[PDB]
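The listed protein sequences derive, respectively, from chains A, B, C and D. Residue numbers for the first sequence follow the UniProt record's numbering, beginning at 22 and rising by one. Residue numbers for the second sequence follow the UniProt record's numbering, beginning at 41 and rising by one. Residue numbers for the third sequence follow the UniProt record's numbering, beginning at 25 and rising by one. Under the UniProt record's numbering, the residues of the fourth sequence are numbered 41 to 76, 79 to 196, in order. In this text, a Cβ means the ideal position worked out from N, Cα and C, and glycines have one as well. Notes for the one structure printed next.
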Amino acid sequence: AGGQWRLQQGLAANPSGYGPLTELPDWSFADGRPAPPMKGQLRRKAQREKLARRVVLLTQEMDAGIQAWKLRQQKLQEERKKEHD
Amino acid sequence: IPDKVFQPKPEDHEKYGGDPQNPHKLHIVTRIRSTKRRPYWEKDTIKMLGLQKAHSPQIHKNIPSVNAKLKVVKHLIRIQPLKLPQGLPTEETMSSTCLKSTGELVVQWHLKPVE
Amino acid sequence: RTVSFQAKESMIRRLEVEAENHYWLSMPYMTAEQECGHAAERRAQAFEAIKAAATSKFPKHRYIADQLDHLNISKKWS
Amino acid sequence: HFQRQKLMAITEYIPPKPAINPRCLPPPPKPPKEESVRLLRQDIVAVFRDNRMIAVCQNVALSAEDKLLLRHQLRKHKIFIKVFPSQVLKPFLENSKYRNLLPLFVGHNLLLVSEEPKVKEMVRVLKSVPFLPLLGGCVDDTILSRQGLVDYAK
RNA sequence: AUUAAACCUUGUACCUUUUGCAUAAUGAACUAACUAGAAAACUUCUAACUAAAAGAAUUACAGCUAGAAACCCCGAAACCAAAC
RNA sequence: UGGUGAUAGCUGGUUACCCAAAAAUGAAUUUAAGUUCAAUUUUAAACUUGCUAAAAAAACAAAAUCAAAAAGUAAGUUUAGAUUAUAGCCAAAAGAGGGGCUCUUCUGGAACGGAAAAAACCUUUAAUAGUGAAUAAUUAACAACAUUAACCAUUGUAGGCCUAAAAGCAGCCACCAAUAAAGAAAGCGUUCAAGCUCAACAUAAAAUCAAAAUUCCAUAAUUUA
RNA sequence: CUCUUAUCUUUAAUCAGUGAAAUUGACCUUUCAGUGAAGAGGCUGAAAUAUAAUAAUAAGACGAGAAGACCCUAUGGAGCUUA
Ligand code: FES
Numbered sequence: 022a023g024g025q026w027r028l029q030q031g032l033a034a035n036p037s038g039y040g041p042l043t044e045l046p047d048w049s050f051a052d053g054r055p056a057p058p059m060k061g062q063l064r065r066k067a068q069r070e071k072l073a074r075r076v077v078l079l080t081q082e083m084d085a086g087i088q089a090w091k092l093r094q095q096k097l098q099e100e101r102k103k104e105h106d
Numbered sequence: 041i042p043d044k045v046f047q048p049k050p051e052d053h054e055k056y057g058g059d060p061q062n063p064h065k066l067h068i069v070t071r072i073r074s075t076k077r078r079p080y081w082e083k084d085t086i087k088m089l090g091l092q093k094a095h096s097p098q099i100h101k102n103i104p105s106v107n108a109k110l111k112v113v114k115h116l117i118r119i120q121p122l123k124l125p126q127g128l129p130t131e132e133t134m135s136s137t138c139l140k141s142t143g144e145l146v147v148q149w150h151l152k153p154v155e
Numbered sequence: 025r026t027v028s029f030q031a032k033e034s035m036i037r038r039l040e041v042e043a044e045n046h047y048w049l050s051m052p053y054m055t056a057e058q059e060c061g062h063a064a065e066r067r068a069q070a071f072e073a074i075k076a077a078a079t080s081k082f083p084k085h086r087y088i089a090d091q092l093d094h095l096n097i098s099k100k101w102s
Numbered sequence: 041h042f043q044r045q046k047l048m049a050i051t052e053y054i055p056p057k058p059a060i061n062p063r064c065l066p067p068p069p070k071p072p073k074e075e076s079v080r081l082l083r084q085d086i087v088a089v090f091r092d093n094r095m096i097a098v099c100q101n102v103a104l105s106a107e108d109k110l111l112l113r114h115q116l117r118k119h120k121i122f123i124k125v126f127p128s129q130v131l132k133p134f135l136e137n138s139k140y141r142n143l144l145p146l147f148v149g150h151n152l153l154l155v156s157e158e159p160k161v162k163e164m165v166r167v168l169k170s171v172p173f174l175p176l177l178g179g180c181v182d183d184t185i186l187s188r189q190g191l192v193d194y195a196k
């Protein structure tokens with residue numbers, strides 16, 4: 022319940038989704054030594070990193086997909102204007 | 041399907057707040073229904089798109105081939121335009137990326153409440 | 025079987041969501057001409073890797089250590 | 041199927057609601073009046091203009107045949123029984139020489155229209171029917187009582 | 001499950017067979033023992049040796065030699081011979 | 001008694017565990033409880049495109065068949081060996097006979113949730129522990145008003161028609177007048193007519209459909225956002 | 001028979017001795033309505049309900065049943081006979 026309101030505020034609809042409560046470590050050593058990263062957090066972290074690399078690669082490919090069109094138009098444009106002798 | 045469905049009107053632009061120029065590049069799609077009891081062509085399209093698990097975010101290009109494939113499964117997916125307020129992430133910030141429900145992919149996650 | 029009030033509302037909400045999908049499909053960023061051949065190079069490379077993996081079947085080797093190591097089964101206190 | 045029935049219910053036509061019901065509406069304008079009835083105006087206008095003094099007496103449950111006989115009887119008195127439907131009589135004052143004689147012509151009443159001051163003949167008409175009540179006589183188109191009619195008639 | 005054996009909550013016996021369904025239909029008082037898949041002509045695999053292989057009879061233009069790998073039970077109406 | 005463990009395409013039964021893969025099309029058959037052929041599947045080998053999609057386009061008549069480039073994606077073709085399978089069920093579409101049914105063709109299904117119990121309808125990607133969380137389908141649902149209400153009915157003429165007679169009113173006519181208002185008559189009455197009203201005139205006032213035989217069968221309930 | 005009654009004997013019931021058979025998945029073995037294949041002690045929804053015993057009757061469930069009864073077919077078989 023309450024997912025719609027949470028979305029309105031920009032937060033995750035499910036409190037168990039993306040948030041500091043879930044993401045942050047749940048404990049630490051009494052001596053103050055940092056706790057090891059959570060296996061679930063690491064697994065979730067890996068997927069986000071993989072998606073980020075894909076997103077960058079796609080945009081790079083997309084940039085060429087449109088930019089190349091301009092380079093093929095320049096080839097077409099220059100081809101039209103031709104002369105010799 | 042007639043193209044008129046995908047021909048926007050001035051009111052539609054205001055309702056969705058999308059400018060007819062500078063069209064968005066990347067689509068966000070999530071499966072919201074089961075393919076059981078559906079025809080084989082519907083089943084095949086979902087498998088091809090990779091939306092085997094429901095409520096799973098996927099990165100796709102806003103290109104005619106992808107657009108055509110999405111149209112076939114339009115009723116089974118939710119389409120949200122990807123926004124980059126801070127731009128594309130760098131190699132250093134590749135590990136700090138996070139996609140919000142609003143549709144904006146931040147390149148830096150500071151673990152600070154938006155409040 | 026008269027339709028419950030909740031049922032009517034739920035379908036209407038889903039219909040609106042599908043309408044939003046239509047609008048975001050109404051602005052194709054790339055035209056057909058630009059799309060052609062933009063990713064052909066990447067697709068070819070992926071197929072080559074697929075072929076190599078598929079044709080990697082072959083019988084396995086046999087090693088002397090396997091037969092010789094079996095003699096360790098008789099190890100005991102001195 | 042049930043699922044198809046769900047689609048029909050949602051597609052049901054929705055009627056808009058008027059702000060105010062026709063009965064409870066604010067006062068709206070109305071079309072201008074039209075005189076249909080116009081013929082009867084000419085007939086009454088002629089008889090009243092011709093006859094200065096009119097003796098107004100309530101009509102008892104008389105018969106149509108008697109009125110013709112009484113009409114001939116007045117011809118001996120030099121008076122005419124010219125009558126018409128009274129629902130057009132009230133608008134007579136609206137379009138006629140006078141506008142102020144409406145109270146005299148109230149209800150259904152016999153009208154004795156005479157152009158000459160022959161008092162004796164008018165009095166004789168009164169003597170014809172005692173039970174029939176004479177409201178009065180507008181001598182010279184001036185409102186007067188039955189008793190006043192006799193007094194001025196003298 | 002529970003502090004608590006019964007109460008409250010959940011749950012349409014079994015085998016076979018019918019349609020991939022039984023509120024059908026068969027079979028079962030229960031206990032113990034007994035009670036139903038068996039063959040190598042050729043192939044793959046494991047090795048020997050090799051233009052040769054096999055301790056005689058066989059095959060051979062890489063073959064040949066050895067090993068391993070396989071196919072149930074109970075139950076008719078009957079038919080015939082010889083005695084009684 | 002022996003042949004004899006006769007035979008039986010028939011009936012019944014046929015004893016441990018785990019992982020993987022796995023479907024009642026076409027042709028013939030004393031054939032439809034089986035078997036062969038095609039097709040599938042399958043093992044090995046050879047080496048490279050395949051599946052979805054796919055513009056213009058012809059073909060047809062005036063969204064599939066065909067398949068440039070793509071794109072999404074990872075299998076595919078050929079050679080060699082080899083079997084198994086070869087009876088559905090129900091829902092929902094399109095046809096064809098009947099005119100509910102009888103068929104042919106296409107699509108989907110096999111909850112531990114829901115529609116009352118519910119193989120066939122809806123929501124549902126596998127299965128793991130937890131005294132977590134967000135959601136999906138989801139037995140119920142809130143009579144019809146937009147011309148018609150008071151009063152009166154005089155006269156020609158019982159107008160001509162076989163009608164004895166039919167006078168508004170048996171038939172039959174055409175279809176005028178006076179009057180303020182009279183239908184040469186609208187329903188009644190009719191030995192025939194006298195005679196009952198409706199229309200006449202005067203006086204009234206209005207204004208597009210809904211929510212059979214054992215014993216009833218949850219209980220109830222109209223408003224705190 | 002109208003129109004049944006009375007008595008005796010057998011059975012019956014009590015005591016003591018001896019002591020089977022068909023049958024049997026397990027049963028902590030209810031009513032109504034629904035559902036279903038004509039169909040419910042065991043499902044759905046209502047209802048009823050100290051435990052255990054004891055004694056009586058055979059109408060219905062178109063009761064359960066068999067290779068019972070009757071008639072006819074087969075371009076079915078098989079057996080038999082021929083002129
Ligand atoms: S509120 Fe009824 S007429 Fe105005």
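(request) Compare the beta carbon distance of A/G23 and B/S141 with 8 Å and say whether it is the shorter of the two. (result) Not a contact, by the Cβ cut-off of 8 Å.
(message) So, for A/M59: in the same chain, excluding its five sequence neighbours on each side, which residues have a beta-carbon less than 7 Å away from its beta-carbon?
(response) The residues are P46.
(request) Could you tell me which residues DSSP puts in a beta bridge with D/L176? (result) D/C99
(message) At a threshold of 7 Å, does D/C64 count as lining the ligand FES (C-beta to nearest heavy atom)?
(response) yes
(message) Please report the distance separating the alpha-carbon of C/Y47 from that of B/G57.
(response) 10 Å
(message) Among B/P129, B/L116 and B/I99, whose alpha-carbon lies nearest the alpha-carbon of B/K83?
(response) B/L116
(message) Please list, in chain order, the chain C residues whose beta carbon lies closer than 9 Å to that of D/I54.
(response) Result: empty, since nearest Cβ-Cβ is about 12 Å, beyond 9 Å.
(request) Can you tell me which of B/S135, B/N102 and B/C138 puts its alpha carbon nearest to the alpha carbon of B/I68? (result) With distances taken between Cα atoms, B/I68 lies closest to B/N102.
(request) Whole angstroms is fine: what's the gap from A/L97's alpha carbon to C/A63's? (result) 21 Å
(message) Below 8 Å on C-beta distance, what does C/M54 contact in chain B?
(response) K101, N102, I103 and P104
(request) Look at the Cβ atom of D/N151, then the Cβ atom of D/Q100, and state whether they are nearer than 8 Å. (result) yes
(request) Sort D/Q115, D/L146 and D/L112 by Cα distance to D/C180 and report the nearest one. (result) Here the closest residue by C-alpha is D/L146.
(request) Whole angstroms is fine: what's the gap from D/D92's alpha carbon to D/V161's? (result) 17 Å
(request) Identify whether B/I68 lies in helix, strand or coil by the three-state DSSP scheme. (result) strand
(request) Could you work out which residues of chain A lie near B/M134, taking near to mean beta carbons separated by less than 8 Å? (result) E70, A73, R74 and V77
(message) Which residue marks the beginning of the beta strand (DSSP E) containing D/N151, and which one marks its end?
(response) Secondary structure note for D/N151: its beta strand (DSSP E) is the uninterrupted segment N151 to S156.
(message) Let me check you understand the geometry: is the CB of A/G53 closer than 7 Å to at least one non-hydrogen atom of the ligand ZN?
(response) Of the ligands this structure carries, namely the ligand FES, none is the ligand ZN.
(request) Return the CA-CA distance between D/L176 and D/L135, expressed in angstroms with no decimal places. (result) 21 Å
(request) Indicate the three-state DSSP secondary structure (helix, strand or coil) for A/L92 in the structure shown. (result) helix
(request) Report yes if the C-beta distance between B/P63 and C/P83 is below 8 Å; otherwise report no. (result) Cβ atoms of B/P63 and C/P83: not closer than 8 Å.
(message) For B/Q148, which residues in the same chain have their Cβ closer than 8 Å to its Cβ, ignoring the five residues on either side in sequence?
(response) If we look at B/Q148 and ignore the five residues flanking it on each side, its Cβ neighbours are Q126, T133 and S136.
(message) I need the straight-line Cα distance from A/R54 to A/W48, nearest angstrom please.
(response) 10 Å
(message) On the DSSP letters alone, give me the boundaries of the beta strand (DSSP E) that B/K101 sits inside.
(response) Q98 to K101
(request) Whole angstroms is fine: what's the gap from D/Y53's alpha carbon to B/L110's? (result) 32 Å
(request) Would you list the one or two residues that DSSP bridges to B/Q126? (result) Paired residue(s): none; B/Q126 is not in a bridge.
(request) Decide if A/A67 is buried, meaning its Cβ has at least 16 other Cβ atoms within 10 Å, or exposed. (result) A/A67 is exposed by the Cβ-count criterion.
(request) Note down, in chain order, each residue of its chain lying with its Cβ closer than 7 Å to the Cβ of D/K124, except the 5 sequence neighbours on either side. (result) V89 and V155
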